[PDB]
Amino acid sequence: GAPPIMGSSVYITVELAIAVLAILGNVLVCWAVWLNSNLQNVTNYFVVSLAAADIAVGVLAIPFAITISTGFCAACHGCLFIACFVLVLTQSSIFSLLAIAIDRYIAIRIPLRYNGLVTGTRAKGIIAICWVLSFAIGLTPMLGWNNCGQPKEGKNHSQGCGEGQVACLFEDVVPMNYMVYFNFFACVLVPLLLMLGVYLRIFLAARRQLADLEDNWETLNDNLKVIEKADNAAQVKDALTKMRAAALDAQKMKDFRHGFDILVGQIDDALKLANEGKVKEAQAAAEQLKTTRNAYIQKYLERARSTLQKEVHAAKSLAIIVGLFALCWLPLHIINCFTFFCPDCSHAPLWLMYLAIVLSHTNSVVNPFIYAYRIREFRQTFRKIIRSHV
Ligand SMILES: CC(C)CCC[C@@H](C)[C@H]1CC[C@H]2[C@@H]3CC=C4C[C@@H](O)CC[C@]4(C)[C@H]3CC[C@]12C
Ligand SMILES: CC(C)CCC[C@@H](C)[C@H]1CC[C@H]2[C@@H]3CC=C4C[C@@H](O)CC[C@]4(C)[C@H]3CC[C@]12C
Ligand SMILES: CC(C)CCC[C@@H](C)[C@H]1CC[C@H]2[C@@H]3CC=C4C[C@@H](O)CC[C@]4(C)[C@H]3CC[C@]12C
Ligand SMILES: Nc1nc(NCCc2ccc(O)cc2)nc2nc(-c3ccco3)nn12
Ligand SMILES: CCCCCCCC/C=C/CCCCCCCC(=O)O
Ligand SMILES: CCCCCCCC/C=C\CCCCCCCC(=O)O
Ligand SMILES: CCCCCCCC/C=C\CCCCCCCC(=O)O
Ligand code: NA
């Protein structure tokens with residue numbers, strides 16, 4: 001058996017490296033939001049809370065991980081805090097991710113009522129609540145759901161731990177049934193699936209709105225040909241009554257509102273001509289709607305389409321964050337399920353256990369990178385902060 005300090009020297013070195021990268025990267029995220037007003041929106045206040053949890057992973061959780069890797073003697077309940085504090089940070093990260101998902105879904109469904117519903121004051125209140133709930137969920141083993149009353153006295157006596165002390169090891173003090181059912185299934189897996197559902201609703205909402213935009217645009221043009229090729233004024237009337245319905249519904253910034261008053265107004269003039277039996281007068285009047293189309297409606301069509309495909313891109317990037325979170329944390333969870341559900345399976349090897357632990361901590365390094373590559377606003381603010389200062 002190779003000396004244990006050798007493998008542990010690699011682990012601790014890798015742990016410290018990740019801590020540096022998690023602190024630096026997420027400190028850069030928080031500094032960009034504080035600095036750039038374009039990044040000071042409600043969505044980014046959850047990014048800041050998620051950035052705060054990653055900073056704390058390198059400042060506290062990783063130093064705690066290195067500690068518990070040594071099995072040092074400790075009062076079991078103090079050992080519990082060392083083991084479970086990271087479960088607080090990951091639980092807050094999940095609430096922050098979930099909050100972001102719901103934030104964008106409210107933005108895509110009811111943009112007109114978003115600014116009045118999702119305010120900064122309310123986001124701060126939600127963040128404060130989610131952290132309290134994160135501390136309660138993460139520190140639930142401290143409330144009694146622990147194996148401190150069932151100490152491994154064979155291991156405790158080995159390393160000469162005093163009265164009420166235990167060789168501080170994660171699996172000796174934290175009960176696996178909490179890790180699998182409560183922390184993974186209930187508190188991580190369920191919210192993650194909910195996030196999946198929310199983002200699938202964001203992409204569905206956007207796809208349906210881009211179909212609506214193109215459906216109303218094809219209606220304006222398809223049906224304009226119906227008037228050009230009309231034979232009687234009632235056919236020009238049956239066509240004009242559809243665009244006025246499609247125009248009033250599409251009306252739901254100063255000159256987009258202006259062009260829609262011209263369009264509905266022009267439809268009302270050609271519709272009146274059609275009611276008076278003026279088929280050709282209504283046709284010429286309807287040809288004036290093509291002036292309003294190009295000068296106004298064509299511009300609102302590329303503005304609403306651009307805003308929606310901006311929301312799809314932003315939603316994709318933010319979904320990549322949730323996927324990478326799952327990617328980095330699932331291995332640790334999945335191994336726990338094997339230790340728990342398969343007592344006949346040989347425990348995962350120590351090198352894989354700490355590879356999974358390291359992988360889970362690497363998630364605290366990746367988020368600043370996704371922002372620097374996907375969100376132009378964050379990227380430009382990073383190049384500005386770094387060119388100016390560091
Ligand atoms: C405000 C923050 C940043 C300060 C850091 C405080 C941390 C490091 C403190 C708070 C509670 C502390 C623990 C409380 C109890 C015990 C049991 C003892 O037998 C070994 C030390 C141990 C496990 C302590 C380790 C250090 C600890 C985790
Ligand atoms: C989330 C994505 C990346 C998938 C991750 C799946 C990983 C964690 C899976 C794939 C194969 C799995 C291993 C398959 C078989 C064994 C042998 C058993 O005696 C202990 C568990 C152990 C060692 C498993 C641990 C978890 C494992 C490594
Ligand atoms: C996020 C998505 C992937 C859902 C997560 C599915 C998880 C919970 C699944 C994927 C693989 C599964 C494991 C596959 C094999 C075994 C060995 C068996 O003797 C006990 C159950 C156990 C240990 C399963 C537990 C549940 C498990 C870990
Ligand atoms: N099972 C587990 N173990 C550890 N550390 C102990 C590694 C170990 C496991 C077995 C052994 O004989 C010696 C050492 N940290 C752990 N963290 C988690 C975890 C955190 C979040 C979700 O799962 N699970 N987990
Ligand atoms: C609001 C921060 C205070 C601590 C929150 C405790 C979290 C546990 C309770 C969860 C239910 C939601 C809490 C809402 C309390 C404030 C309600 C309000 O004043 O509008
Ligand atoms: C901003 C400060 C960040 C943290 C600074 C301290 C980092 C030191 C690294 C890990 C702490 C490990 C302490 C030693 C473990 C206990 C030793 C033992 O009991 O055997
Ligand atoms: C960001 C800060 C959020 C507010 C933090 C305070 C909320 C605390 C919530 C519940 C704590 C439950 C754990 C109590 C364990 C006590 C330790 C022990 O058992 O000895
Ligand atoms: Na911890």
Side-chain angles (χ1 to χ4, degrees), residues 33 36-49 96-127 129-130 194-221 241-251 255-268 289 292-302 304-319 322 374-375 377-378:
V33 173
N36 199 346
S37 147
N38 303 321
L39 290 170
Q40 284 166 38
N41 44 87
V42 170
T43 321
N44 280 327
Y45 306 151
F46 298 113
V47 167
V48 168
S49 167
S96 295
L97 289 161
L98 178 56
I100 294 156
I102 296 151
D103 190 71
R104 315 310 324 135
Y105 179 64
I106 297 162
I108 195 80
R109 286 304 336 279
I110 49 156
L112 274 55
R113 302 203 280 106
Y114 169 90
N115 280 130
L117 171 62
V118 190
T119 59
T121 290
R122 285 168 188 175
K124 291 163 198 315
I126 291 149
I127 288 165
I129 284 155
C130 291
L194 279 173
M195 278 171 246
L196 173 54
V198 169
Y199 279 113
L200 297 190
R201 290 283 332 172
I202 282 152
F203 300 123
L204 274 163
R207 183 190 61 73
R208 165 161 38 260
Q209 289 169 59
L210 276 185
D212 292 356
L213 262 170
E214 184 51 48
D215 275 26
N216 270 282
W217 173 256
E218 250 152 14
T219 294
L220 177 57
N221 301 170
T241 197
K242 284 169 174 208
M243 271 157 311
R244 210 184 143 290
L248 292 163
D249 190 47
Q251 213 161 359
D255 46 341
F256 301 139
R257 141 174 87 256
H258 174 47
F260 262 118
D261 296 296
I262 301 173
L263 190 97
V264 165
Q266 276 172 329
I267 294 156
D268 267 298
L289 283 148
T292 306
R293 183 189 58 191
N294 309 123
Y296 304 97
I297 318 303
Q298 184 86 264
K299 313 307 186 230
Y300 166 101
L301 169 43
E302 331 284 8
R305 170 153 52 207
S306 168
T307 292
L308 289 164
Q309 72 212 154
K310 260 189 267 178
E311 283 173 87
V312 172
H313 189 327
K316 275 161 180 175
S317 317
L318 290 164
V322 171
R374 301 280 298 174
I375 307 164
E377 205 72 64
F378 270 106

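FYI, side chains are in, hydrogens and waters are out, and symmetry mates aren't considered; it's all heavy atoms of this structure. Counting begins at 1 with the first residue of the sequence.
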Contacts of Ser96 meeting side chain to side chain donor-acceptor pair (under 3.5 Å) (sequence neighbours excluded), chain-then-number -> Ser49

Heavy atoms of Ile267 and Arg244 approach each other most closely as CG2-CB, 3.7 Å

So CZ of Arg293 and CH2 of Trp217: to nearest 0.5 Å the spacing works out to 5.5 Å

- Query: For the side chain of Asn44 and the backbone of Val47, is there at least one donor-acceptor N/O pair under 3.5 Å apart?
  - Reply: no

Tightest non-hydrogen contact, residues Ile297 and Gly259, listed as CD1-O, 3.9 Å

Here the pair of heavy atoms bringing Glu377 nearest to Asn36 is OE2-ND2, 3.4 Å

Interatomic distance, NZ@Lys299 vs CG@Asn294, rounded to 0.5 Å, equals 6.5 Å

Heavy-atom nearest pair, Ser306 first then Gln309, reads CA-OE1, 3.1 Å

d(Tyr199 OH, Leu194 CG) to nearest 0.5 Å is 12.5 Å

Taking every heavy atom of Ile202 against every heavy atom of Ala315, the minimum-distance pair comes out as CG2-CB, 3.7 Å

Exercise for the section: For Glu214 and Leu210, indicate whether the former's side chain and the latter's backbone hold a donor-acceptor pair under 3.5 Å. Expected result: no

To the nearest 0.5 Å, atom CZ of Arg374 lies from atom CG of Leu318 at 9.0 Å

For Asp212, the side-chain contact (heavy atoms from CB on, under 4.5 Å) test, sequence neighbours excluded, returns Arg208

Task: Note, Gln251 side chain near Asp261 side chain (heavy atom, < 4.5 Å) - done: yes

Taking every heavy atom of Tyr300 against every heavy atom of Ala250, the minimum-distance pair comes out as OH-O, 3.5 Å

Here the side-chain hydrogen bond (donor to acceptor under 3.5 Å, both in side chains) pairs for residues 105-119, sequence neighbours left out, are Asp103-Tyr114

The side-chain contact (heavy atoms from CB on, under 4.5 Å) partners of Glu311 (sequence neighbours excluded) come to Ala107, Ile108, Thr307, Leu308

Taken to the nearest 0.5 Å, the spacing of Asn216 CG from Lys242 NZ works out to 12.5 Å

**Q.** Side chain to side chain, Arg122 and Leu117, heavy atoms closer than 4.5 Å
**A.** yes

Hits for salt bridge (charged side-chain N to carboxylate O under 4.0 Å, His left out) against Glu218, two or more places apart or cross-chain, chain-then-number order -> none

Between the CG atom in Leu220 and the CG atom in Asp215, the distance rounded to the nearest 0.5 Å is 13.0 Å

side-chain contact (heavy atoms from CB on, under 4.5 Å) filter on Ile262, not counting sequence neighbours, yields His258, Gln266, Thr292, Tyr296

